[PDB]
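A single chain comes next, written as structure tokens; it is the form deposited in one PDB entry.
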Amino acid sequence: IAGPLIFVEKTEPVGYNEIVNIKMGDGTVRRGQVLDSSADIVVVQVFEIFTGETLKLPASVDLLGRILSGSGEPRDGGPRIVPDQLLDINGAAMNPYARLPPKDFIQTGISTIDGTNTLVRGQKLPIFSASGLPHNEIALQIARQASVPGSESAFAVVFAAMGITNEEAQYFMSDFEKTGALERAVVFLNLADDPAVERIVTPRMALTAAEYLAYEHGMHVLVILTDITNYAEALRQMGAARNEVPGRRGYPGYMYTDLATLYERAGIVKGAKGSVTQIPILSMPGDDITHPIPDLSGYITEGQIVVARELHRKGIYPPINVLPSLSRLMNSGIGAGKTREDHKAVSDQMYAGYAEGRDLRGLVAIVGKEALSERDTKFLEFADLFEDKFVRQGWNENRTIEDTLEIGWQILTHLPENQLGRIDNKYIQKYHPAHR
């Protein structure tokens, strides 16, 4: 009767496939079999230590301002968390999600996100990148800048790093402490050499903490997870998936729904007072042949933010290419009363102009700048202005959606007013710098 995978505290040595009884968070008992384990954690697959208890998160608002390991133990030299509640972490705990669509605005402070691919409360918007690109730097800037403008609910951040180096850990820790962002954040840091099982538990501890804060304390919580790919690397070598090939015989069935137990955990929480939003980092692995991992495409259902090496090589930060980027729920979180009435129009116009300008880079290479029309030259130049002024921003520059929109209107000014076909006259008259 193979079923859900749970995590239980290890109190004694246990053997692979050992039958055990588990005392769950809700007080009920489960029958299961052991799959793998670390010094403090064992992975069990439920059916229907000999008699153990589930690994739990010491749920408490005191988690905020703390930096913990993947298993919830202090890394900041502080005392262990004094729990207000001990919650199971596999996702069965509170059943906090409402059947409501994601909808309001979350200000990341990054123009290429807030302006053209708006992140909304309850959404899961992955950052798609690759080795060598600054995705962690982007994840860190969002963590310290993110807020929920005009909201009556408090805002919190759950930052979860997986399989990182000592240097990286140092990097992250010092930043949260120096900026003060730590006061409104719970940080879970899993090192590359920490037990694999601990990496697997890391995203679950994070999400459980997120759900608790969102549901128990009516907060809008932003969960940043980096990097799924590293999570997937530990997963493929854990338990019964060990030395097994995906799609073949012997590959554990749970191996293909595992990522789903993570991306299913996002959304507005019951009561509609809080919510859990996810920003997972999906870094393209360069070893699909040697290290086959679970398909990560399942995490992409509401869009994605694309990090491009092209912009990175041009010396632009953050190197986000808005063209292949998308936020399917964007229309929920923008407009009058959320951002500003002209948000959709400006974003639409910048996208159109930037896409045109980029195509023109090809034409100019085909016929020469001397042969390009005046009109086309304007768009060609607009693409440069967009990348140089809108896309590019400092690592410590936190732009309000108003700043983002103004920069947008400023560069749009470079195009002929008669070429702004994506902006209704009403807005052109009201916000265009020439009629303002």
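Residue positions are given as counts along the sequence shown, with the first one as 1. For the two forms, the rigid core is made up of the largest set of C-alpha atoms that agree within 1.5 Å on superposition.
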Gap size, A371 back to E370 (deposited sequence, no coordinates): none
Which of 280-288 and 197-205 has higher mean CA B factor, as the PDB entry lists it: 280-288
Stretch with the higher entry mean CA B-factor, where the candidates are 308-316 and 80-88: 80-88
Out of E374, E387, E406, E48, highest CA B-factor residue: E48
Most elevated Cα B-factor in the entry, residues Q123, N321, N117, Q170: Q170
Cα B factor band for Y263 (lowest, middle or highest third within the chain): lowest
Ranked C-alpha temperature factor of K378 among modelled chain residues, by third: lowest
Third of the chain's Cα B-factor distribution that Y351 belongs to, per the entry: lowest
Cα B factor band for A185 (lowest, middle or highest third within the chain): middle
Entry-reported Cα temperature factor of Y299, expressed as the chain third it lands in: middle
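Keep in mind that the form deposited in another entry is not shown, yet the notes after this line are about it.
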From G298, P294, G218, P83, residue displaced between the shown form and the other one - CA threshold 2 Å or more, rigid core: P294
Displaced residue check between the shown form and the other one: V29, CA, 2 Å or over, core reference: yes
Rigid core fit then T11 CA moved by 2 Å or more between the shown form and the other one: yes
Threshold 2 Å Cα movement between the shown form and the other one for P285, core superposed: yes
In that other deposited form, shift in Cα separation for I289 relative to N230, 3 Å or more: closer
Closer or farther in that other deposited form: C-alpha pair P285, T261 (3 angstroms or more): farther
